C-alpha cells in the first residue's frame, strides 16, 4: 500500500502565492503521501518546501524559472538516484524527472513531467509523451514504473501518439474511469484563472508499468478542492491523490 499526490501547484501565479503554498502543504499534511510529484514549482516555493516538507527528500527538475519536483517521504522511501532527461525542443524548459527508489523490497522508477502546455504546442507535447513512454520501457522488468504529472494531454493526442503501449496503464482508466476525479483542470469549479468559459480537462495523469498484477491502483481522488481564506484555491489544477497496492 503506497500513496502519492501529483499536483501542478501553479507557482507561476504570483497572487496569494504564499497563502496558496501553505494551503498546498495543509493538504499534503492531511494525507501524508509517500511521494509528492509537483509541477510549476518556482525557487522560493521550493525553498519553502525544503523547510515545510523537511520530512521529505526533495528532488528538483531545475533551479531557475519553474520546474518539477519529487518529494520522497523519509523512512518510507529510500532515494537511490535521480535522472533528468531533457526535452531537446521544449520552449517551456520542460524535462523528464525520474527517481529510482525503493519501498522496502520493491524497486520503483518514479517519473514526473510538466509536458508542453497549450493547444498550439500539441506536436511537441506528443513528442514529449513519446520520450516519456520510451523511458518507462527502459527500466528492468522487476522495477515498478510510475509516471505521474501534468501532461496537458488531450485524448486525441494520446491516440496520435499510437495509444499507450500494452504494458502501460492509465491509473484513472484502470479504476474504471471514475467521474468524481476525471477532470483535474476545471474552470467551472475552479476560479483561480478567472476564466469565464467552462473548460474541463484531464491534464494530470498517472501512467504505470508493472509485472502482471504487481501494481494495483486502489483509489484515486481529487485534492485541493477547498478555497483558502483569500477565496481562491491552492492551484488552478486539482491534485490527484492515488493509493496503490504492491502485490507479489
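Numbering follows the first chain given and starts at 1. The term rigid core refers to the most C-alpha atoms you can superpose between the two forms while keeping them within 1.5 Å.
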Which of 129-137 and 155-163 lies farther from this form in 7 other deposited structures of this protein, as RMS of C-alpha positions after a rigid core fit: 155-163
Stretch 104-112 versus stretch 91-99: after rigid core alignment, which one is farther off in C-alpha RMS in 7 other deposited structures of this protein? 104-112
How about residue 64: is it missing from at least a third of the other entries compared? no
Residue 211: absent from a third or more of the other PDB entries compared? yes
Between 239-247 and 4-12, name whichever shows the higher mean Cα B factor according to the PDB entry. 239-247
If you take the mean CA temperature factor per stretch, which one wins between 210-218 and 29-37? 210-218
Based on the PDB record, which member of 116, 170, 120, 83 exhibits the highest Cα temperature factor? 120
What third of the chain does residue 106 rank in for C-alpha temperature factor, lowest, middle or highest? highest
Name the third of the chain's ranked CA B-factors that contains residue 165, choosing lowest, middle or highest. middle
Residue 97, C-alpha B-factor rank within chain (lowest, middle or highest third): lowest
Looking at the entry's B-factor column for C-alpha atoms only, identify whether residue 199 ranks in the lowest, middle or highest third of its chain. highest
Considering only modelled residues of the same chain, in which third does the CA B-factor of residue 190 rank: lowest, middle or highest? highest
